[PDB]
Amino acid sequence: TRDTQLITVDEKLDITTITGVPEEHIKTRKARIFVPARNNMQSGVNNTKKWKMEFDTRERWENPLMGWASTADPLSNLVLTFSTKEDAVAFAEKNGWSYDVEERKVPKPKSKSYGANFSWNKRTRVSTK
Amino acid sequence: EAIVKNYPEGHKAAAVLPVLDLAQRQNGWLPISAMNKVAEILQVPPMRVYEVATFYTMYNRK
Amino acid sequence: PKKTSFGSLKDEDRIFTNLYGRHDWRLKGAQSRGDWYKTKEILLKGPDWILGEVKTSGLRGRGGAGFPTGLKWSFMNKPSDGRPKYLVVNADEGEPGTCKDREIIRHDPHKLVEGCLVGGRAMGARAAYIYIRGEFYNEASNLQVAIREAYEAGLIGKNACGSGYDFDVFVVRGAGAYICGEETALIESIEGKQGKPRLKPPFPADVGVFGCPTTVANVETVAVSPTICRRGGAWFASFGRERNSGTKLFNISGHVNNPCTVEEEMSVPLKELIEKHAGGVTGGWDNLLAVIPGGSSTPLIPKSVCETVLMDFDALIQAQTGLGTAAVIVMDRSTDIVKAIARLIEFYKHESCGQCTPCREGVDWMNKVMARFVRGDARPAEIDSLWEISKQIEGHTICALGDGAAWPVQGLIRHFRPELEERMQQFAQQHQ
Ligand SMILES: Cc1cc2nc3c(=O)[nH]c(=O)nc-3n(C[C@H](O)[C@H](O)[C@H](O)COP(=O)(O)O)c2cc1C
Ligand code: SF4
């Protein structure tokens, strides 16, 4: 294989000290790892394919001059994308973020029958089309 | 009564068209009250009688 | 042997021998002409024998689509589950130009009633529902009178014709809707809903009226079946070209000297039919512009095609049209052909049930374009635009009404495109 002499390191991978993040935004943050829910206003499912990581929402207040929404949270907009739940968890662990994982919610397969609309003796008979 | 007996039991809604037409022969045209009466006799939702009344061109709604 | 020229049907070989209502239409007159003769023996022969006779005759649907009747009716030849089975007779008769089924109902009602029994037996049906368009009130009353006579003679009802088979014949009247002639829309109307066609599958033979196995058959298809059984499928199959068998009722309307309904052999030349029975084209054959050979839903054909075309399913498919209901609409050279077709599009716009997108929106769109084509207020590029629109409707709709509105437009563009462009040229010059 390699000509480069490797070493053995059994430490858990932790990069908190070399990321430059302030202490406040490592230990007091909660990361949420989830697959986004489908926007119920539309039938397209293409935004439910990937895993996302977001952070706990913090205060927003009104700017005295204009009424704009101010924030002191540097992570308020950070959203990361991941192929699998395991990739998202691995990223959160090595960055030292506490996290919750929410299992993916796949719609269950349905039994669809057009003929059922015209049942002779069942309640599925439609009164209109 | 004889109109309704031409159809299987449990399918009285089949009588909406002929009974609605009968209401128009007695009255000349179909006021909304006549549509409601037909829906009441056959025990179908009134909206399902309005759909028939407005779908078919021989019903006079004025 | 294999006759190659067709027509000249003799009166003895005509099925609808009271077509013109000059003999008694009630039971006594019908029985004198051979109706209800040996019907008991036919029923006792069993469903398989009846269906075999229909298959051998080569009968095809007379309602406009022309599917082989024997194979179609055999979908019902299967063991019964819990549900009842029904025969629905399509007497809606809505296709512009078609009035043949009206004559059968009011002048030969007993042929229809006996056809319901024989056909219903072949399918294992317990009852027949005859759906007649609401405007045919006097025809419906004549049919209702004939049905009562049949019940009082023991021919239908319990132990029909003494065969031990129970059969009922109900008459249900429509309320004004061309779409209710469509077989699944007809079923929905009987069930008390808007006459909106169903998608298929399921097919009616599996799930039909009230959700039960059903066969929808045209009035003419049903009315010939007892005769096909009495005189044999071979006799009926001896008329017309192969796979186009039997006699056919023809309506000839429009610009002919004697518009009329007549029974003639299948595969008869179109020109012979107009000349022999309808008294020729108004102003002579040289005054002919175009013909719609099978009701409003079939593409028109120009005079050149009309010279030699035969009136049967396969012959008219070769002419890029169809037999349809065999309602021949004749237009002479004084006709405004664009306005004539534009009026048919306006008919389909008024008859679309509105259920499905390509017809609800497309047919209305074609109507607006055709209205401007009549005045010439368009440009030639819109002709190919109209062609593509019709192809987006055809084959994309739930029922065949969408197809029936696209075909007349395609026939006009196919055969009279210079007339469209000529009119566009006139309008631009006059306004500029
Ligand atoms: C818009 C529309 C209208 C129709 N109207 C009739 C009709 O009036 N009478 C009829 O027999 N078939 C009509 N049909 C055809 C029926 O759907 C069906 O093909 C026919 O009743 C089958 O009977 P047959 O096989 O004996 O011809 C219509 C179809 C469409 C799409
Ligand atoms: S094609 Fe037209 S008539 Fe047929 S189902 Fe669609 S909208 Fe209704």
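Proteins come first, then strands; the chains are lettered A, B, ... in the order of their sequence lines, and each starts at number 1. The analysis underlying the following values was restricted to heavy atoms, covering all of them including side chains, and did not include hydrogens, waters or symmetry mates. Counting starts at 1 for both ligands and their atoms, in listed order.
Under 3.5 Å, the side chains of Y59(B) and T54(B) contain no donor-acceptor pair of N or O atoms. Side-chain contact check for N244(C) and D314(C): at least one donor-acceptor pair (N or O, by modelled atom type) lies under 3.5 Å. Defined by atom type and a distance below 3.5 Å, a donor-acceptor pair is present between the side-chain atoms of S297(C) and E95(C). No side-chain donor-acceptor contact under 3.5 Å links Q392(C) and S390(C). With no hydrogens or angles considered, no side-chain donor-acceptor pair links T221(C) and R62(C) at under 3.5 Å. Side-chain N/O atoms of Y86(C) and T215(C) include no donor and acceptor closer than 3.5 Å.
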>> One pair to check against ring-ring contact (aromatic ring centres under 6.0 Å, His included): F203(C) and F75(C). What are the steps and the verdict?
In response: CA-CA 10 Å; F203(C) 290 90; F75(C) 299 146; 7.8 Å; no
> Taking it one step at a time, do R126(C) and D166(C) satisfy salt bridge (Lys or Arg N to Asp or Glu O under 4.0 Å)?
Replying inline: CA-CA 7 Å; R126(C) 60 168 292 144; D166(C) 295 357; over 6 Å; no
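The contact set between ligand 2 and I398(C), taken as ligand atoms under 4.0 Å from a residue heavy atom, comprises 5 (S). Near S352(C), with a cut-off below 4.0 Å to any heavy atom, the atoms of ligand 2 are 2 (Fe), 7 (S). Close approach of ligand 1 to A217(C) (heavy-atom distance below 4.0 Å) involves ligand atoms 23 (O), 26 (O). Every atom of ligand 1 with a heavy atom of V216(C) under 4.0 Å away is listed here by number and element: 21 (O), 22 (C), 23 (O). Within the listing of ligand 2, atoms 1 (S) sit less than 4.0 angstrom from a heavy atom of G402(C). The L401(C) neighbourhood of ligand 1 comprises atoms 1 (C), 31 (C), with distances under 4.0 Å to a heavy atom of that residue. Those atoms of ligand 2 that come under 4.0 Å of a heavy atom in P197(C), given as number and element, are 5 (S). Shown in contact with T397(C) at under 4.0 Å from a heavy atom are these atoms of ligand 2, numbered in order with element: 1 (S). Interface of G61(C) with ligand 1, defined as ligand atoms under 4.0 Å from a residue heavy atom, comprises 24 (P), 25 (O), 26 (O), 27 (O).
No side-chain heavy atom of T321(C) sits less than 4.5 Å from a side-chain heavy atom of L300(C). Annotation: side chain of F239(C) is not in contact with side chain of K248(C) (no heavy-atom distance under 4.5 Å).
In this structure, the protein non-hydrogen atom closest to atom 26 (O) of ligand 1 is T221(C) OG1, 2.7 Å. Nearest protein heavy-atom contact of atom 4 (C) of ligand 1 is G181(C) C, 3.4 Å. Closest to atom 8 (Fe) of ligand 2, if we only count protein heavy atoms, is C353(C) SG, 2.3 Å. Remark: minimum distance from atom 29 (C) of ligand 1 to any protein heavy atom is reached at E182(C) CA, 3.7 Å. Looking only at protein heavy atoms, the nearest one to atom 4 (Fe) of ligand 2 is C399(C) SG, 2.3 Å. For atom 19 (O) of ligand 1, the nearest non-hydrogen atom of the protein is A65(C) CB, 4.1 Å. Counting protein heavy atoms only, atom 7 (C) of ligand 1 is closest to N90(C) OD1, 3.7 Å. In terms of protein heavy-atom proximity, atom 27 (O) of ligand 1 is nearest to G63(C) N, 2.7 Å. Of the protein's non-hydrogen atoms, the one nearest atom 2 (Fe) of ligand 2 is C359(C) SG, 2.2 Å.
Taking the six-membered ring where the residue is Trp, the centroids of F347(C) and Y178(C) are separated by under 6.0 Å. Annotation: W120(A) is in aromatic contact with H11(B) [ring centroid separation under 6.0 Å].
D21(B) and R25(B) are joined by a salt bridge, as a carboxylate oxygen and a charged side-chain nitrogen come within less than 4.0 angstrom of each other. No salt bridge links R231(C) with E53(C); every basic N to acidic carboxylate O contact stays at or beyond 4.0 Å.
Heavy atoms of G94(C) approach ligand 1 to within less than 4.0 angstrom. In this structure, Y178(C) has a heavy atom closer than 4.0 Å to ligand 1. Residue contacts with ligand 1 include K72(C), since one of its heavy atoms falls under 4.0 Å from the ligand.
Heavy atoms from both the backbone and the side chain of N218(C) come within less than 4.0 Å of ligand 1. Residue contacts with ligand 1 for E220(C) are absent, since no atom lies close enough (heavy atoms, distance under 4.0 Å). With a 4.0 Å heavy-atom cut-off, ligand 1 is reached by the backbone of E183(C) and by its side chain too.
Residue contact annotation: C356(C) places an N/O/S atom under 2.8 Å from atom 6 (Fe) of ligand 2.
Both tests pass for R60(C) against the ring of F313(C): distance under 6.0 Å to the centre and angle within 45° of the axis. Cation-pi geometry between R198(C) and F118(A) is met: the NZ or CZ atom falls under 6.0 Å from the ring centre, inside 45° of the normal.
Close N/O approach between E93(C) and ligand 1 is found [any backbone or side-chain N/O within under 3.5 Å]. The shortest N or O to N or O distance between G66(C) and ligand 1 is not under 3.5 Å. Between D101(C) and ligand 1, not a single N/O pair is under 3.5 Å apart.
The closest heavy-atom contact to atom 5 (S) of ligand 2, among the options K196(C), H396(C), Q355(C), comes from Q355(C).
The environment of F67(C) atom CZ is sparse: at most 12 non-hydrogen atoms of other residues, nucleotides or ligands sit within 6.0 angstrom.
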